[PDB]
Amino acid sequence: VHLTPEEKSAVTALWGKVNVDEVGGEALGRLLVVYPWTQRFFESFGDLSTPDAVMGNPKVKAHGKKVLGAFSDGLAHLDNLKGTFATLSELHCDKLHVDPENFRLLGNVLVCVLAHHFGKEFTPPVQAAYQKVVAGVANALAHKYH
Amino acid sequence: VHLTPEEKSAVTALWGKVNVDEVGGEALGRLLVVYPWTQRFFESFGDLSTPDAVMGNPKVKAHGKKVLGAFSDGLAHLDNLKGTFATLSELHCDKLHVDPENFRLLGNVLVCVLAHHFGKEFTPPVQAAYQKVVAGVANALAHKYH
Amino acid sequence: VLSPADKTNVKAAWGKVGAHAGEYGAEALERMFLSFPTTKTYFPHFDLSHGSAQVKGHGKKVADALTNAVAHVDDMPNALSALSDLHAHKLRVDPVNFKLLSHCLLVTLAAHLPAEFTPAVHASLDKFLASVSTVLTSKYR
Amino acid sequence: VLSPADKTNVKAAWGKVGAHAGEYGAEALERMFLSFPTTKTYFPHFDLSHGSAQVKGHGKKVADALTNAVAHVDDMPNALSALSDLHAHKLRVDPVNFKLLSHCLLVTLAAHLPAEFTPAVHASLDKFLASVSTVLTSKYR
Ligand code: HEM
Ligand code: HEM
Ligand code: HEM
Ligand code: HEM
């Protein structure tokens, strides 16, 4: 979770244009659509039989909101992602039991959504900056597994 | 890298019966045999065209020795595997460039070798104790990637 | 994809397992539940304690499915097609967990067949279990 | 395995790429070298800087291979058999790296086709790139 000031400026500037309300649900939804097994952890959200149903499901965009909440929260604490997530770590690890391999998946789909929305402005250098961050957030959550 | 004293006694007692000279090469060799792509990092060890050639290759049993060296070294430092490996971490990460996914593989094959040699004495509980350790060693080496 | 040597290696190694298949199946499951706790979430309705008759009877199922695979190796996809739907459609098992089980199956085999577990057969079994994994997760792929 | 809907989704999405295939291929490679440095070790003889003509000309190769895959989707194994040997036998490419490339191919596609990248086509492409990955790493499996 180093980040050169050059990278720091890319993540920040870009993240400040993000429609938090939509993006969080764009990712959560796509996760559940592209990696079906993940649907197992959201059986209570209702109908998820088709992508259409999933993307329109209010429980989804509502949760995505929170999920995105965590990233921005972790984004302004790169100095210590580990502690910033202790709570959620205990939550997803020794409670929900989500295999840490799925944290990488949400981080990658999150990244695909960012590329989908910003298009050209989402250059390779900017992407590599985000991969580090997404990688740091995924490691932080899996900590309680060690 | 917690380890309950019950687990501590299993790893220790068992590890003290291990023929360090043979085991290290039994694993390294099997790694190169079962996961061929890993052979890419040992082109200088000579002929590795067949398992026979690989298992008999002197450079292999010679390296396995050292590799096993690290585990016992990390085994008597579970308290801080992270620092115990900083050097090797810099080595395999920003120098050799081995994808951290292969550290899990060596740890698992190492475990298969231990089960092969101790047979019944290598009970499920003992295995789970080692999986934690092997997991802790693999995370420690990949640290320089974060 | 399984070379003629792998097929020969898998059939022979499974042969040496014989009537112990069922037992060995229950052992791999137990090894997996303790080593990788994150997999227990799929068996709420099971008693995962040591002598569990449920884990015992389930191991036979797992073992008989592999036996089906070894004896129809040239056509796993069709032979296990049924189990594919059940693991991908209904249960929605995380693909990663198949690697964890495969690993436990290997530690078990190796802990009961010291003579047959040569590095050649070791690579052979791994390729085989990988093929069984691919098929069981194809309704995903 | 690719349902009739996936095949239809992949052919259409690739269609919208048209003459940009080559360009997009070079973009995914660049995205991969910067995001995942550990992959650069396979291209010592390449200049990985931005405007590299080597990375440019290589992207065309990668793109044309996917185009081969899309137009012969019902028989990738045979069609790409050649590339399999080269990636598994000679180069010995770590299987994990195929996931990293596949990911970069998706970020690229999504960054050039805002209208066509619906979640349905997104899942479709992923399954497809996964199939291409499986085939290219089958000389291992
Ligand atoms: C990149 C990592 C992830 C982040 C940042 C994240 C963040 C969060 C947050 C903020 C919450 C809500 C906490 C609260 O309401 O107090 C949450 C809950 C939850 N997460 Fe995640 N999460 C991540 C990955 C995942 C994945 C991959 C799954 C598994 C498919 C998952 C499953 C859940 C579930 C089921 C809940 C809901 C619990 C409930 O119903 O109350 N999360 N997550
Ligand atoms: C479980 C993690 C591993 C441990 C404990 C470990 C430990 C070591 C040790 C102790 C050395 C020798 C250091 C020295 O001589 O000063 C070493 C060197 C090396 N390791 Fe590993 N290693 C691990 C995994 C791997 C893997 C998976 C690969 C990649 C296939 C790898 C590739 C190398 C190479 C090529 C060298 C030799 C460098 C030379 O030629 O001098 N290691 N490793
Ligand atoms: C290659 C390995 C695997 C094989 C051959 C296999 C085989 C089987 C078979 C034959 C059945 C029962 C069929 C029946 O009785 O109708 C089954 C059920 C099941 N399997 Fe697997 N399985 C494998 C891996 C897994 C993994 C990785 C998990 C998750 C960690 C899993 C979770 C389940 C569950 C929950 C059931 C239903 C059990 C019940 O509710 O009674 N399986 N499997
Ligand atoms: C699905 C993705 C992939 C496809 C379709 C693909 C396709 C190709 C093609 C068509 C060639 C060149 C054939 C020729 O010119 O004779 C090639 C070469 C090569 N590929 Fe890939 N490749 C893929 C993934 C990878 C990955 C993951 C790596 C490693 C990170 C890799 C490393 C190489 C290398 C080193 C060469 C040789 C380049 C040279 O020396 O000129 N490829 N690939």
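In what follows, every chain begins at residue 1, and chains take the letters A, B, ... in the order their sequences are listed. Every heavy atom of this structure was used, including side-chain atoms; hydrogens, water molecules and symmetry mates were not.
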Testing the basics here: between [X] and [Y], what is the closest heavy-atom pair and its distance to 0.1 Å?
X	Y	answer
B/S44	B/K59	O-NZ, 4.3 Å
B/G74	B/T84	CA-CG2, 4.3 Å
B/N108	B/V134	N-CG1, 4.3 Å
D/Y140	D/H87	OH-O, 3.6 Å
A/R30	A/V113	CD-CG2, 4.0 Å
D/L83	D/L136	CB-CD2, 3.5 Å

Below 4.5 Å, heavy atoms only, C-beta onward: do [X] and [Y] meet side chain to side chain?
X	Y	answer
A/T123	A/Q127	no
D/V93	B/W37	no
D/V73	D/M76	yes
B/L110	B/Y130	no
D/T134	D/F98	no
C/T38	A/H97	yes
D/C104	D/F36	yes
A/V109	A/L28	no

Tell me whether [X] contacts the main-chain N or O of [Y] through its side chain, where contact means a donor paired with an acceptor under 3.5 Å.
X	Y	value
B/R104	B/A138	yes
C/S35	B/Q131	no
C/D94	C/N97	no
D/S52	D/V55	yes
B/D73	B/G69	no
B/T38	B/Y35	yes
D/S138	D/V135	yes
A/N139	B/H146	no
A/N19	A/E22	yes
A/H92	A/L88	yes

In terms of heavy-atom contacts, does [atom1] of [X] have more than 12 from other residues, nucleotides or ligands at under 6.0 Å?
X	atom1	value
B/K82	NZ	no
D/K40	NZ	yes
B/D79	CG	no
B/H143	NE2	no
D/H89	NE2	yes
D/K7	NZ	yes

Under 4.0 Å between a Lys/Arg side-chain N and an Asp/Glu carboxylate O for [X] and [Y]?
X	Y	result
A/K95	A/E90	no
A/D21	A/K65	yes
A/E26	A/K61	no

Criterion salt bridge (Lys or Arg N to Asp or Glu O under 4.0 Å) on D/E23 and D/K56, from CA distance to verdict: CA-CA 7 Å; D/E23 294 174 292; D/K56 185 77 58 52; over 6 Å; no
Say you draw a straight line from [atom1] of [X] to [atom2] of [Y]; how long is it, rounded to the nearest 0.5 Å?
X	Y	atom1	atom2	answer
D/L66	D/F128	CG	CZ	5.5 Å
D/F117	D/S124	CZ	OG	11.0 Å
A/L14	A/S9	CG	OG	10.5 Å
D/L80	D/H72	CG	NE2	10.0 Å
B/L81	B/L141	CG	CG	9.0 Å
D/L106	D/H103	CG	NE2	7.0 Å

With side chain to side chain contact (heavy atoms under 4.5 Å, CB included) as the test, would you mind laying out the steps for A/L78 and A/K8 before giving the verdict? CA-CA 10 Å; A/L78 300 189; A/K8 262 294 179 186; 2.9 Å; yes
Does D/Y42 have D/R92 sitting over its ring (NZ/CZ under 6.0 Å from centre, angle to axis within 45°)? no
Knowing that exactly one of D/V62, D/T39, D/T108 qualifies, which makes a side-chain contact (heavy atoms from CB on, under 4.5 Å) with D/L29? D/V62
Verify the distance criterion only: is there a donor paired with an acceptor across the side chains of [X] and [Y] at less than 3.5 Å?
X	Y	result
D/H112	D/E27	yes
D/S3	D/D6	yes
D/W14	D/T67	yes

Test side chain to side chain contact (heavy atoms under 4.5 Å, CB included) on A/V33 and A/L48 and set out the steps. CA-CA 9 Å; A/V33 168; A/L48 316 177; over 6 Å; no
Ring centres under 6.0 Å, that's the criterion: do A/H117 and A/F122 meet it? no
Between D/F33 and D/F43, is the ring centroid distance below 6.0 Å? yes
Using side chain to side chain contact (heavy atoms under 4.5 Å, CB included), reason through B/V133 and B/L75 one step at a time and then give a plain yes or no. CA-CA 8 Å; B/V133 172; B/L75 221 55; 3.3 Å; yes
Just do the side chain to side chain contact (heavy atoms under 4.5 Å, CB included) check on B/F45 and B/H63 with the steps written out, would you? CA-CA 10 Å; B/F45 278 19; B/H63 195 68; 3.8 Å; yes
